[PDB]
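Enquirer: Sharing query-v4.pdb, PDB, N, CA and C atoms:
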ATOM      1  N   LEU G1158      -3.172   3.600  26.250
ATOM      2  CA  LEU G1158      -3.013   4.748  25.371
ATOM      3  C   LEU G1158      -1.778   4.608  24.498
ATOM      4  N   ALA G1159      -0.678   4.106  25.063
ATOM      5  CA  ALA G1159       0.521   3.896  24.259
ATOM      6  C   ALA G1159       0.247   2.912  23.129
ATOM      7  N   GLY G1160      -0.441   1.814  23.446
ATOM      8  CA  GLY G1160      -0.773   0.837  22.422
ATOM      9  C   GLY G1160      -1.676   1.408  21.347
ATOM     10  N   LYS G1161      -2.652   2.223  21.749
ATOM     11  CA  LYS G1161      -3.513   2.867  20.763
ATOM     12  C   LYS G1161      -2.720   3.825  19.880
ATOM     13  N   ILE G1162      -1.813   4.598  20.480
ATOM     14  CA  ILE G1162      -1.064   5.606  19.736
ATOM     15  C   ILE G1162      -0.125   4.955  18.730
ATOM     16  N   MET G1163       0.459   3.806  19.081
ATOM     17  CA  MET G1163       1.462   3.186  18.217
ATOM     18  C   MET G1163       0.969   2.945  16.793
ATOM     19  N   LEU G1164      -0.332   2.722  16.614
ATOM     20  CA  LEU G1164      -0.876   2.428  15.292
ATOM     21  C   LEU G1164      -2.048   3.337  14.945
ATOM     22  N   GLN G1165      -2.398   4.258  15.837
ATOM     23  CA  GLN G1165      -3.522   5.145  15.590
ATOM     24  C   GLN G1165      -3.103   6.279  14.653
ATOM     25  N   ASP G1166      -4.067   6.771  13.877
ATOM     26  CA  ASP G1166      -3.822   7.756  12.827
ATOM     27  C   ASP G1166      -4.391   9.101  13.265
ATOM     28  N   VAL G1167      -3.543  10.128  13.273
ATOM     29  CA  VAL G1167      -3.959  11.471  13.652
ATOM     30  C   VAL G1167      -4.001  12.357  12.413
ATOM     31  N   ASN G1168      -4.537  13.563  12.584
ATOM     32  CA  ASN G1168      -4.705  14.485  11.472
ATOM     33  C   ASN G1168      -3.414  15.254  11.188
ATOM     34  N   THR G1169      -3.453  16.036  10.105
ATOM     35  CA  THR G1169      -2.262  16.744   9.644
ATOM     36  C   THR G1169      -1.795  17.777  10.662
ATOM     37  N   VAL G1170      -2.734  18.483  11.294
ATOM     38  CA  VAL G1170      -2.361  19.493  12.279
ATOM     39  C   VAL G1170      -1.624  18.850  13.445
ATOM     40  N   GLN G1171      -2.115  17.702  13.912
ATOM     41  CA  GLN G1171      -1.467  17.016  15.023
ATOM     42  C   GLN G1171      -0.114  16.449  14.606
ATOM     43  N   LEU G1172      -0.006  15.951  13.369
ATOM     44  CA  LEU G1172       1.289  15.486  12.877
ATOM     45  C   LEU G1172       2.309  16.614  12.811
ATOM     46  N   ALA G1173       1.889  17.797  12.360
ATOM     47  CA  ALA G1173       2.843  18.856  12.049
ATOM     48  C   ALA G1173       3.555  19.398  13.282
ATOM     49  N   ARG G1174       3.106  19.039  14.487
ATOM     50  CA  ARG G1174       3.740  19.571  15.688
ATOM     51  C   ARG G1174       5.104  18.939  15.943
ATOM     52  N   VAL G1175       5.440  17.864  15.226
ATOM     53  CA  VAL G1175       6.753  17.248  15.399
ATOM     54  C   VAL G1175       7.850  18.190  14.920
ATOM     55  N   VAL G1176       7.574  18.962  13.875
ATOM     56  CA  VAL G1176       8.541  19.894  13.319
ATOM     57  C   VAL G1176       8.214  21.336  13.706
ATOM     58  N   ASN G1177       7.474  21.529  14.799
ATOM     59  CA  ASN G1177       7.133  22.857  15.309
ATOM     60  C   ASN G1177       6.400  23.689  14.259
ATOM     61  N   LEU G1178       5.449  23.064  13.572
ATOM     62  CA  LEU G1178       4.644  23.728  12.557
ATOM     63  C   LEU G1178       3.247  23.992  13.100
ATOM     64  N   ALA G1179       2.797  25.238  12.973
ATOM     65  CA  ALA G1179       1.492  25.645  13.468
ATOM     66  C   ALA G1179       0.810  26.526  12.432
ATOM     67  N   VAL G1180      -0.518  26.523  12.470
ATOM     68  CA  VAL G1180      -1.331  27.309  11.546
ATOM     69  C   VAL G1180      -1.153  28.790  11.858
ATOM     70  N   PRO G1181      -0.875  29.628  10.862
ATOM     71  CA  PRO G1181      -0.760  31.068  11.116
ATOM     72  C   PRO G1181      -2.051  31.638  11.680
ATOM     73  N   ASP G1182      -1.911  32.622  12.569
ATOM     74  CA  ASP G1182      -3.081  33.203  13.219
ATOM     75  C   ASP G1182      -3.951  33.960  12.225
ATOM     76  N   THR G1183      -3.364  34.417  11.118
ATOM     77  CA  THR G1183      -4.141  35.130  10.111
ATOM     78  C   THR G1183      -5.093  34.212   9.356
ATOM     79  N   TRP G1184      -4.884  32.899   9.420
ATOM     80  CA  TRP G1184      -5.734  31.939   8.731
ATOM     81  C   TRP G1184      -6.931  31.504   9.564
ATOM     82  N   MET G1185      -7.027  31.959  10.813
ATOM     83  CA  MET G1185      -8.044  31.448  11.722
ATOM     84  C   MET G1185      -9.455  31.848  11.310
ATOM     85  N   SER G1186      -9.600  32.856  10.453
ATOM     86  CA  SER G1186     -10.905  33.297   9.983
ATOM     87  C   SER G1186     -11.303  32.653   8.661
ATOM     88  N   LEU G1187     -10.505  31.715   8.156
ATOM     89  CA  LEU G1187     -10.756  31.088   6.870
ATOM     90  C   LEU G1187     -10.877  29.581   7.047
ATOM     91  N   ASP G1188     -11.458  28.932   6.039
ATOM     92  CA  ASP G1188     -11.677  27.485   6.060
ATOM     93  C   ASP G1188     -10.460  26.799   5.445
ATOM     94  N   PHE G1189      -9.451  26.569   6.288
ATOM     95  CA  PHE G1189      -8.229  25.928   5.814
ATOM     96  C   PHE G1189      -8.365  24.411   5.777
ATOM     97  N   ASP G1190      -9.397  23.862   6.420
ATOM     98  CA  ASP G1190      -9.580  22.414   6.435
ATOM     99  C   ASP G1190      -9.835  21.875   5.035
ATOM    100  N   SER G1191     -10.702  22.549   4.279
ATOM    101  CA  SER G1191     -10.987  22.120   2.915
ATOM    102  C   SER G1191      -9.744  22.225   2.044
ATOM    103  N   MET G1192      -8.969  23.296   2.222
ATOM    104  CA  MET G1192      -7.736  23.459   1.461
ATOM    105  C   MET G1192      -6.750  22.338   1.768
ATOM    106  N   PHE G1193      -6.617  21.981   3.046
ATOM    107  CA  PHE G1193      -5.777  20.853   3.428
ATOM    108  C   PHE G1193      -6.257  19.530   2.852
ATOM    109  N   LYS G1194      -7.561  19.272   2.863
ATOM    110  CA  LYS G1194      -8.090  17.960   2.510
ATOM    111  C   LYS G1194      -8.253  17.733   1.017
ATOM    112  N   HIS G1195      -8.807  18.694   0.279
ATOM    113  CA  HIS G1195      -9.253  18.439  -1.082
ATOM    114  C   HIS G1195      -8.574  19.297  -2.140
ATOM    115  N   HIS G1196      -7.660  20.191  -1.766
ATOM    116  CA  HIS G1196      -7.102  21.131  -2.724
ATOM    117  C   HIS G1196      -5.583  21.132  -2.804
ATOM    118  N   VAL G1197      -4.893  20.411  -1.930
ATOM    119  CA  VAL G1197      -3.452  20.224  -2.028
ATOM    120  C   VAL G1197      -3.214  18.776  -2.433
ATOM    121  N   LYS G1198      -2.867  18.550  -3.696
ATOM    122  CA  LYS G1198      -2.702  17.204  -4.223
ATOM    123  C   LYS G1198      -1.250  16.774  -4.073
ATOM    124  N   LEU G1199      -1.042  15.615  -3.452
ATOM    125  CA  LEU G1199       0.286  15.053  -3.265
ATOM    126  C   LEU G1199       0.662  14.087  -4.379
ATOM    127  N   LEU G1200      -0.013  14.175  -5.522
ATOM    128  CA  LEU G1200       0.277  13.349  -6.679
ATOM    129  C   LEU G1200       0.436  14.268  -7.885
ATOM    130  N   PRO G1201       1.475  14.085  -8.697
ATOM    131  CA  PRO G1201       1.638  14.927  -9.886
ATOM    132  C   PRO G1201       0.430  14.813 -10.806
ATOM    133  N   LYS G1202       0.065  15.937 -11.427
ATOM    134  CA  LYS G1202      -1.138  15.967 -12.254
ATOM    135  C   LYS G1202      -1.022  15.013 -13.436
ATOM    136  N   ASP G1203       0.146  14.973 -14.077
ATOM    137  CA  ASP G1203       0.328  14.089 -15.223
ATOM    138  C   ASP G1203       0.223  12.625 -14.812
ATOM    139  N   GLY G1204       0.778  12.277 -13.654
ATOM    140  CA  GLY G1204       0.707  10.910 -13.180
ATOM    141  C   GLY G1204       1.605  10.621 -11.994
ATOM    142  N   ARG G1205       2.351   9.524 -12.069
ATOM    143  CA  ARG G1205       3.239   9.089 -10.999
ATOM    144  C   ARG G1205       4.682   9.369 -11.391
ATOM    145  N   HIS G1206       5.410  10.053 -10.514
ATOM    146  CA  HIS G1206       6.816  10.363 -10.724
ATOM    147  C   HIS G1206       7.668   9.532  -9.775
ATOM    148  N   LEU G1207       8.850   9.134 -10.249
ATOM    149  CA  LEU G1207       9.720   8.274  -9.452
ATOM    150  C   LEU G1207      10.175   8.975  -8.177
ATOM    151  N   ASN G1208      10.506  10.264  -8.273
ATOM    152  CA  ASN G1208      10.992  10.991  -7.104
ATOM    153  C   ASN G1208       9.880  11.206  -6.086
ATOM    154  N   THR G1209       8.683  11.556  -6.556
ATOM    155  CA  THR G1209       7.553  11.839  -5.671
ATOM    156  C   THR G1209       6.919  10.522  -5.219
ATOM    157  N   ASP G1210       7.635   9.830  -4.336
ATOM    158  CA  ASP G1210       7.175   8.564  -3.776
ATOM    159  C   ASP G1210       7.452   8.569  -2.282
ATOM    160  N   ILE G1211       6.398   8.445  -1.485
ATOM    161  CA  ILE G1211       6.503   8.486  -0.029
ATOM    162  C   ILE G1211       6.683   7.057   0.474
ATOM    163  N   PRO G1212       7.758   6.752   1.193
ATOM    164  CA  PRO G1212       7.925   5.410   1.760
ATOM    165  C   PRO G1212       6.801   5.088   2.727
TER
ATOM    166  N   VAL N 541       2.647  24.318 -44.534
ATOM    167  CA  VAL N 541       2.118  25.592 -44.054
ATOM    168  C   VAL N 541       0.688  25.791 -44.539
ATOM    169  N   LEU N 542       0.413  25.427 -45.794
ATOM    170  CA  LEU N 542      -0.935  25.575 -46.331
ATOM    171  C   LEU N 542      -1.938  24.746 -45.542
ATOM    172  N   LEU N 543      -1.560  23.522 -45.171
ATOM    173  CA  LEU N 543      -2.463  22.666 -44.412
ATOM    174  C   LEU N 543      -2.770  23.262 -43.044
ATOM    175  N   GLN N 544      -1.769  23.864 -42.399
ATOM    176  CA  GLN N 544      -1.984  24.486 -41.097
ATOM    177  C   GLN N 544      -3.035  25.583 -41.136
ATOM    178  N   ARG N 545      -3.126  26.331 -42.232
ATOM    179  CA  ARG N 545      -3.980  27.508 -42.265
ATOM    180  C   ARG N 545      -5.412  27.196 -42.692
ATOM    181  N   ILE N 546      -5.680  26.004 -43.216
ATOM    182  CA  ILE N 546      -7.031  25.654 -43.637
ATOM    183  C   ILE N 546      -7.596  24.439 -42.913
ATOM    184  N   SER N 547      -6.771  23.586 -42.319
ATOM    185  CA  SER N 547      -7.308  22.405 -41.665
ATOM    186  C   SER N 547      -7.958  22.766 -40.332
ATOM    187  N   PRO N 548      -9.071  22.120 -39.991
ATOM    188  CA  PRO N 548      -9.713  22.351 -38.693
ATOM    189  C   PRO N 548      -9.210  21.464 -37.565
ATOM    190  N   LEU N 549      -8.294  20.541 -37.842
ATOM    191  CA  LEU N 549      -7.787  19.627 -36.829
ATOM    192  C   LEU N 549      -6.776  20.341 -35.945
ATOM    193  N   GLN N 550      -6.927  20.180 -34.635
ATOM    194  CA  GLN N 550      -6.042  20.787 -33.654
ATOM    195  C   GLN N 550      -5.441  19.699 -32.780
ATOM    196  N   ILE N 551      -4.134  19.772 -32.569
ATOM    197  CA  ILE N 551      -3.400  18.756 -31.824
ATOM    198  C   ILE N 551      -3.181  19.277 -30.411
ATOM    199  N   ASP N 552      -3.875  18.680 -29.448
ATOM    200  CA  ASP N 552      -3.738  19.048 -28.045
ATOM    201  C   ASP N 552      -3.175  17.862 -27.278
ATOM    202  N   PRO N 553      -1.878  17.851 -26.954
ATOM    203  CA  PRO N 553      -1.283  16.657 -26.335
ATOM    204  C   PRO N 553      -1.680  16.443 -24.885
ATOM    205  N   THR N 554      -2.432  17.361 -24.274
ATOM    206  CA  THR N 554      -2.854  17.162 -22.893
ATOM    207  C   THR N 554      -3.867  16.034 -22.757
ATOM    208  N   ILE N 555      -4.431  15.560 -23.869
ATOM    209  CA  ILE N 555      -5.369  14.443 -23.815
ATOM    210  C   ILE N 555      -4.678  13.197 -23.276
ATOM    211  N   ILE N 556      -3.438  12.964 -23.709
ATOM    212  CA  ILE N 556      -2.706  11.773 -23.286
ATOM    213  C   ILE N 556      -2.449  11.811 -21.785
ATOM    214  N   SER N 557      -2.023  12.966 -21.273
ATOM    215  CA  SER N 557      -1.664  13.062 -19.863
ATOM    216  C   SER N 557      -2.881  12.899 -18.962
ATOM    217  N   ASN N 558      -4.039  13.402 -19.394
ATOM    218  CA  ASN N 558      -5.239  13.303 -18.569
ATOM    219  C   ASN N 558      -5.645  11.850 -18.352
ATOM    220  N   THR N 559      -5.626  11.045 -19.416
ATOM    221  CA  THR N 559      -5.993   9.640 -19.278
ATOM    222  C   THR N 559      -4.994   8.889 -18.410
ATOM    223  N   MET N 560      -3.701   9.165 -18.586
ATOM    224  CA  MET N 560      -2.675   8.464 -17.826
ATOM    225  C   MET N 560      -2.711   8.806 -16.343
ATOM    226  N   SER N 561      -3.326   9.929 -15.970
ATOM    227  CA  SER N 561      -3.347  10.336 -14.571
ATOM    228  C   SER N 561      -4.261   9.467 -13.719
ATOM    229  N   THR N 562      -5.116   8.652 -14.337
ATOM    230  CA  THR N 562      -6.083   7.841 -13.609
ATOM    231  C   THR N 562      -5.734   6.358 -13.627
ATOM    232  N   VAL N 563      -4.503   6.011 -14.003
ATOM    233  CA  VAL N 563      -4.087   4.615 -13.997
ATOM    234  C   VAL N 563      -3.872   4.154 -12.563
ATOM    235  N   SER N 564      -4.372   2.964 -12.247
ATOM    236  CA  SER N 564      -4.252   2.403 -10.909
ATOM    237  C   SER N 564      -2.898   1.724 -10.751
ATOM    238  N   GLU N 565      -2.125   2.176  -9.768
ATOM    239  CA  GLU N 565      -0.781   1.662  -9.548
ATOM    240  C   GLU N 565      -0.499   1.619  -8.055
ATOM    241  N   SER N 566       0.624   0.999  -7.709
ATOM    242  CA  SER N 566       1.133   0.972  -6.347
ATOM    243  C   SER N 566       2.443   1.743  -6.289
ATOM    244  N   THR N 567       2.637   2.496  -5.211
ATOM    245  CA  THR N 567       3.807   3.350  -5.068
ATOM    246  C   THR N 567       5.023   2.606  -4.533
ATOM    247  N   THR N 568       4.895   1.312  -4.252
ATOM    248  CA  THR N 568       6.008   0.502  -3.781
ATOM    249  C   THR N 568       6.653  -0.310  -4.894
ATOM    250  N   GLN N 569       6.278  -0.063  -6.144
ATOM    251  CA  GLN N 569       6.794  -0.811  -7.281
ATOM    252  C   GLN N 569       7.926  -0.044  -7.947
ATOM    253  N   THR N 570       8.890  -0.787  -8.493
ATOM    254  CA  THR N 570      10.063  -0.158  -9.089
ATOM    255  C   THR N 570       9.739   0.467 -10.441
ATOM    256  N   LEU N 571       8.871  -0.169 -11.222
ATOM    257  CA  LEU N 571       8.558   0.274 -12.572
ATOM    258  C   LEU N 571       7.135   0.813 -12.638
ATOM    259  N   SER N 572       6.953   1.891 -13.395
ATOM    260  CA  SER N 572       5.646   2.512 -13.579
ATOM    261  C   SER N 572       5.314   2.564 -15.063
ATOM    262  N   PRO N 573       4.322   1.805 -15.536
ATOM    263  CA  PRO N 573       3.965   1.887 -16.964
ATOM    264  C   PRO N 573       3.511   3.270 -17.396
ATOM    265  N   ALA N 574       2.804   3.994 -16.528
ATOM    266  CA  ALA N 574       2.257   5.291 -16.914
ATOM    267  C   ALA N 574       3.357   6.333 -17.069
ATOM    268  N   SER N 575       4.340   6.322 -16.168
ATOM    269  CA  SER N 575       5.410   7.310 -16.242
ATOM    270  C   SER N 575       6.316   7.059 -17.441
ATOM    271  N   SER N 576       6.597   5.790 -17.740
ATOM    272  CA  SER N 576       7.545   5.470 -18.801
ATOM    273  C   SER N 576       7.029   5.913 -20.164
ATOM    274  N   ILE N 577       5.745   5.669 -20.440
ATOM    275  CA  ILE N 577       5.197   6.000 -21.754
ATOM    276  C   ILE N 577       5.195   7.509 -21.966
ATOM    277  N   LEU N 578       4.884   8.271 -20.916
ATOM    278  CA  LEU N 578       4.904   9.724 -21.033
ATOM    279  C   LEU N 578       6.317  10.235 -21.273
ATOM    280  N   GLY N 579       7.313   9.567 -20.692
ATOM    281  CA  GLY N 579       8.690   9.958 -20.938
ATOM    282  C   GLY N 579       9.109   9.740 -22.379
ATOM    283  N   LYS N 580       8.666   8.633 -22.978
ATOM    284  CA  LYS N 580       9.030   8.352 -24.362
ATOM    285  C   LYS N 580       8.294   9.272 -25.326
ATOM    286  N   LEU N 581       7.037   9.599 -25.027
ATOM    287  CA  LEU N 581       6.261  10.434 -25.938
ATOM    288  C   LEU N 581       6.734  11.880 -25.904
ATOM    289  N   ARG N 582       6.973  12.417 -24.709
ATOM    290  CA  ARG N 582       7.436  13.785 -24.492
ATOM    291  C   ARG N 582       6.599  14.774 -25.312
ATOM    292  N   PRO N 583       5.371  15.072 -24.880
ATOM    293  CA  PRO N 583       4.513  15.991 -25.644
ATOM    294  C   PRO N 583       5.148  17.354 -25.875
ATOM    295  N   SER N 584       5.328  17.718 -27.145
ATOM    296  CA  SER N 584       5.951  18.986 -27.503
ATOM    297  C   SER N 584       5.064  19.777 -28.455
ATOM    298  N   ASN N 585       5.591  20.871 -29.003
ATOM    299  CA  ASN N 585       4.802  21.757 -29.850
ATOM    300  C   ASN N 585       5.086  21.525 -31.329
ATOM    301  N   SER N 586       6.294  21.072 -31.650
ATOM    302  CA  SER N 586       6.724  20.919 -33.035
ATOM    303  C   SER N 586       6.229  19.630 -33.679
ATOM    304  N   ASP N 587       5.221  18.973 -33.101
ATOM    305  CA  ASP N 587       4.691  17.756 -33.706
ATOM    306  C   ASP N 587       3.969  18.051 -35.014
ATOM    307  N   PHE N 588       3.650  19.324 -35.259
ATOM    308  CA  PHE N 588       2.970  19.698 -36.495
ATOM    309  C   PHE N 588       3.813  19.369 -37.720
ATOM    310  N   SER N 589       5.103  19.709 -37.684
ATOM    311  CA  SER N 589       5.936  19.659 -38.880
ATOM    312  C   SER N 589       6.017  18.259 -39.475
TER
END
Take the structure I supplied and represent it as C-alpha cells, if you would.
Expert:
Amino acid sequence: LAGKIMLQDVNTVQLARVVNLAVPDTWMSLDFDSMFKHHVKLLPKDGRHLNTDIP
Amino acid sequence: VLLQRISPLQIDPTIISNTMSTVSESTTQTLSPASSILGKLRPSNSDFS
C-alpha cells in the first residue's frame, strides 16, 4: 500500500484533507463534482501567465 | 470622427486573445510565445484614433 500510495493519484477531495479542507454541509444537496471538474479553470482565459505556473 | 459614425467596421480585440488561448505549450519552459505577444500588443480601446 505504501508503494502504491507513493505514486498513486487521488481526487481533489482526498487531497484537500492535508490542509483540513472539507466540503460545506450546505453543498451536499448540489452537484459539486461537475463544478470541481469542468467549471473551475486553473488556466488564465487569455493564455499562459508566468506567475500562474504550478511546479 | 466622421469615419466612426458611418463605417460598419468594428474593432473587437478579444479575437486575438481567443486564438492565443489554444496554443500548445509546456509549463516548465522559461519563455512563452503566447504570453509575450499579448504583452506587446496590449489590447486597448483607443486603437480607433
Enquirer: Please build the interface table for chain N against chain G with a cut-off of 6.5 Å, listing for each qualifying residue the nearest atom pair and the distance in Å to one decimal; count all atoms listed in the file, order rows by chain and increasing number, and write it as JSON lines.
Expert:
{"residue": "N:557", "atom": "C", "partner": "G:1203", "partner_atom": "CA", "distance": 5.1}
{"residue": "N:558", "atom": "N", "partner": "G:1203", "partner_atom": "CA", "distance": 6.1}
{"residue": "N:560", "atom": "C", "partner": "G:1203", "partner_atom": "C", "distance": 5.1}
{"residue": "N:561", "atom": "CA", "partner": "G:1203", "partner_atom": "C", "distance": 4.2}
{"residue": "N:562", "atom": "N", "partner": "G:1204", "partner_atom": "CA", "distance": 6.4}
{"residue": "N:567", "atom": "CA", "partner": "G:1210", "partner_atom": "CA", "distance": 6.3}
{"residue": "N:574", "atom": "C", "partner": "G:1205", "partner_atom": "N", "distance": 6.0}
{"residue": "N:575", "atom": "CA", "partner": "G:1205", "partner_atom": "C", "distance": 5.3}
Enquirer: Select from chain G everything DSSP, run on the backbone, classes as helix (DSSP H, G or I), then give the selection as an MDAnalysis selection string.
Expert: chainID G and resid 1159:1164 1169:1176 1182:1184 1189:1195
Enquirer: Calculate how many Å separate CA of residue 1208 in chain G from CA of residue 572 in chain N, rounding to one decimal.
Expert: 11.9 Å
Enquirer: Work out how far apart CA of residue 584 in chain N and CA of residue 551 in chain N are and give it in Å to one decimal.
Expert: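 Going from CA of residue 584 in chain N over to CA of residue 551 in chain N, I get 10.3 Å.
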Enquirer: Separation of CA of residue 573 in chain N and CA of residue 1199 in chain G, in Å?
Expert: 19.4 Å
Enquirer: Find the spatial neighbours of residue 1193 in chain G, counting only C-alpha atoms, within a cut-off of 10 Å - ignore same-chain residues fewer than 5 positions away - and output them as number ranges by chain.
Expert: G: 1169-1170, 1188, 1198
